[PDB]
Amino acid sequence: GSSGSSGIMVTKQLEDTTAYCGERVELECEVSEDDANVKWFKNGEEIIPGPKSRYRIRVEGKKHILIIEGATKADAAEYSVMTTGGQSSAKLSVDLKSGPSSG
């Protein structure tokens with residue numbers, strides 16, 4: 001049943017994501033272990049979610065989902081994850097919706 005290398009390996013590597021300003025960004029990924037606890041880092045910095053945070057790390061089976069509430073020109077950064085035995089990186093580019101936002 002559950003027989004895999006000691007550490008954890010990122011089966012599915014993050015993929016470049018292009019969202020708009022204020023939009024909601026969602027980074028999905030998969031690992032070797034289940035209900036694991038990956039570490040999401042923004043441009044090398046360690047993210048710290050919570051009841052009063054912007055980033056919300058969700059765990060679903062053997063896949064993680066890093067959602068970002070309000071993706072501004074600042075949110076657009078290289079998001080890299082770190083596990084017990086794996087690491088990944090992605091590029092998030094934020095675009096400012098063109099045209100008058102009406103109707």
# chains A, B, ... in the order shown; residues from 1 in each chain; ligands from 1
call {"tool": "select_by_dssp", "arguments": {"residues": "chain A", "states": "strand (DSSP E)", "output": "number ranges by chain"}}
result
A: 17-20, 23-30, 39-42, 45-46, 55-60, 63-71, 78-83, 86-95
call {"tool": "write_last_selection", "arguments": {"atoms": "N, CA and C atoms", "output": "CSV table (one decimal), in the first residue's frame"}}
result
chain,number,residue,atom,x,y,z
A,17,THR,N,1.6,30.7,-14.2
A,17,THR,CA,0.2,31.2,-14.0
A,17,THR,C,0.1,32.7,-14.3
A,18,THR,N,-0.8,33.1,-15.2
A,18,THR,CA,-1.0,34.5,-15.5
A,18,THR,C,-2.4,35.0,-15.1
A,19,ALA,N,-2.5,35.8,-14.0
A,19,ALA,CA,-3.7,36.3,-13.5
A,19,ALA,C,-3.7,37.8,-13.6
A,20,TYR,N,-4.9,38.4,-13.4
A,20,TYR,CA,-5.1,39.8,-13.5
A,20,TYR,C,-4.9,40.5,-12.1
A,23,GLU,N,-7.3,39.8,-9.0
A,23,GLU,CA,-7.8,38.4,-9.3
A,23,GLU,C,-7.3,37.4,-8.3
A,24,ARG,N,-7.9,36.3,-8.3
A,24,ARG,CA,-7.6,35.2,-7.3
A,24,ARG,C,-6.7,34.2,-8.0
A,25,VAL,N,-5.5,34.0,-7.5
A,25,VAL,CA,-4.5,33.1,-8.0
A,25,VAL,C,-4.5,31.8,-7.3
A,26,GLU,N,-4.5,30.7,-8.0
A,26,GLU,CA,-4.5,29.3,-7.4
A,26,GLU,C,-3.4,28.4,-8.0
A,27,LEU,N,-2.5,28.0,-7.1
A,27,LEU,CA,-1.4,27.2,-7.5
A,27,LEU,C,-1.6,25.7,-7.0
A,28,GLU,N,-1.8,24.8,-7.9
A,28,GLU,CA,-2.0,23.4,-7.6
A,28,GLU,C,-0.8,22.6,-7.8
A,29,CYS,N,-0.6,21.6,-7.1
A,29,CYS,CA,0.6,20.7,-7.2
A,29,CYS,C,0.3,19.3,-6.5
A,30,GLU,N,1.2,18.4,-6.8
A,30,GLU,CA,1.1,17.0,-6.3
A,30,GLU,C,2.4,16.6,-5.7
A,39,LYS,N,6.0,23.5,2.0
A,39,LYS,CA,6.3,24.9,2.4
A,39,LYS,C,6.3,25.8,1.2
A,40,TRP,N,5.4,26.7,1.2
A,40,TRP,CA,5.3,27.7,0.1
A,40,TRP,C,6.1,28.9,0.4
A,41,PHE,N,7.0,29.3,-0.6
A,41,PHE,CA,7.9,30.4,-0.4
A,41,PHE,C,7.7,31.4,-1.6
A,42,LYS,N,7.6,32.7,-1.2
A,42,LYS,CA,7.4,33.7,-2.3
A,42,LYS,C,8.7,34.5,-2.5
A,45,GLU,N,11.1,34.0,0.2
A,45,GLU,CA,10.6,34.2,1.5
A,45,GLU,C,9.6,33.2,1.9
A,46,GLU,N,9.5,32.9,3.2
A,46,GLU,CA,8.6,31.9,3.8
A,46,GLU,C,7.2,32.5,4.0
A,55,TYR,N,-2.6,34.6,2.1
A,55,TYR,CA,-2.4,33.3,1.5
A,55,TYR,C,-3.1,32.2,2.3
A,56,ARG,N,-3.7,31.3,1.6
A,56,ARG,CA,-4.4,30.2,2.2
A,56,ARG,C,-3.9,28.8,1.7
A,57,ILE,N,-3.2,28.1,2.4
A,57,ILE,CA,-2.7,26.8,2.0
A,57,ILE,C,-3.7,25.7,2.3
A,58,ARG,N,-4.1,25.0,1.2
A,58,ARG,CA,-5.1,23.9,1.3
A,58,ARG,C,-4.5,22.6,0.9
A,59,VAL,N,-4.9,21.6,1.7
A,59,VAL,CA,-4.3,20.2,1.4
A,59,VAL,C,-5.5,19.3,1.0
A,60,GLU,N,-5.3,18.7,-0.2
A,60,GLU,CA,-6.3,17.8,-0.7
A,60,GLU,C,-5.7,16.5,-1.1
A,63,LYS,N,-2.4,16.4,-3.1
A,63,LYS,CA,-2.1,17.6,-3.9
A,63,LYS,C,-2.4,18.9,-3.1
A,64,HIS,N,-1.6,19.9,-3.2
A,64,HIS,CA,-1.7,21.1,-2.5
A,64,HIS,C,-2.2,22.2,-3.4
A,65,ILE,N,-2.9,23.3,-2.8
A,65,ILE,CA,-3.4,24.4,-3.5
A,65,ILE,C,-3.2,25.7,-2.8
A,66,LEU,N,-2.2,26.5,-3.3
A,66,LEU,CA,-1.9,27.8,-2.7
A,66,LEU,C,-2.7,28.9,-3.3
A,67,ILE,N,-3.8,29.3,-2.7
A,67,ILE,CA,-4.6,30.4,-3.2
A,67,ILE,C,-4.1,31.8,-2.7
A,68,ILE,N,-4.3,32.8,-3.5
A,68,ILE,CA,-3.9,34.1,-3.2
A,68,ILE,C,-5.1,35.1,-3.3
A,69,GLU,N,-5.5,35.7,-2.2
A,69,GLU,CA,-6.6,36.6,-2.2
A,69,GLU,C,-6.1,38.0,-2.7
A,70,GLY,N,-6.5,38.4,-3.9
A,70,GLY,CA,-6.1,39.7,-4.4
A,70,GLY,C,-4.7,39.7,-5.0
A,71,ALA,N,-4.6,39.3,-6.2
A,71,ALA,CA,-3.3,39.2,-6.9
A,71,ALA,C,-3.0,40.6,-7.5
A,78,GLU,N,8.0,34.8,-8.0
A,78,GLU,CA,8.4,33.4,-8.2
A,78,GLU,C,8.0,32.6,-7.0
A,79,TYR,N,6.9,31.9,-7.1
A,79,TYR,CA,6.4,31.0,-5.9
A,79,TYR,C,7.1,29.7,-6.0
A,80,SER,N,7.9,29.3,-5.0
A,80,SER,CA,8.5,28.0,-5.0
A,80,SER,C,8.2,27.3,-3.7
A,81,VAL,N,7.9,26.0,-3.8
A,81,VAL,CA,7.5,25.2,-2.7
A,81,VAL,C,8.7,24.3,-2.2
A,82,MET,N,8.6,23.9,-1.0
A,82,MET,CA,9.7,23.1,-0.4
A,82,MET,C,9.1,22.0,0.5
A,83,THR,N,9.5,20.7,0.2
A,83,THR,CA,9.0,19.6,0.9
A,83,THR,C,10.1,18.9,1.7
A,86,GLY,N,11.8,17.6,-1.7
A,86,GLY,CA,11.5,18.1,-3.0
A,86,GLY,C,11.3,19.6,-3.0
A,87,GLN,N,11.4,20.2,-4.2
A,87,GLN,CA,11.3,21.6,-4.4
A,87,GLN,C,10.7,22.0,-5.8
A,88,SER,N,10.0,23.0,-5.8
A,88,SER,CA,9.4,23.5,-7.1
A,88,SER,C,9.4,25.0,-7.2
A,89,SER,N,9.3,25.5,-8.4
A,89,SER,CA,9.2,27.0,-8.6
A,89,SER,C,8.3,27.3,-9.8
A,90,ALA,N,7.7,28.5,-9.8
A,90,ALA,CA,6.8,28.9,-10.8
A,90,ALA,C,6.8,30.4,-11.0
A,91,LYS,N,6.3,30.9,-12.1
A,91,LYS,CA,6.3,32.4,-12.3
A,91,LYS,C,4.8,32.9,-12.4
A,92,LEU,N,4.5,33.8,-11.6
A,92,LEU,CA,3.2,34.4,-11.6
A,92,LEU,C,3.2,35.8,-12.1
A,93,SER,N,2.6,36.1,-13.3
A,93,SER,CA,2.6,37.4,-13.9
A,93,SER,C,1.2,38.0,-13.7
A,94,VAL,N,1.2,39.2,-13.1
A,94,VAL,CA,-0.1,39.9,-12.9
A,94,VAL,C,-0.3,41.0,-14.0
A,95,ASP,N,-1.5,41.0,-14.6
A,95,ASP,CA,-1.8,42.0,-15.7
A,95,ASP,C,-2.9,42.9,-15.2
call {"tool": "closest_residue", "arguments": {"among": "A:32, A:98, A:84, A:43", "to": "residue 12 of chain A", "atoms": "only C-alpha atoms"}}
result
A:32
call {"tool": "atom_distance", "arguments": {"atom1": "atom CA of residue 10 of chain A", "atom2": "atom CA of residue 53 of chain A"}}
result
25.5 Å
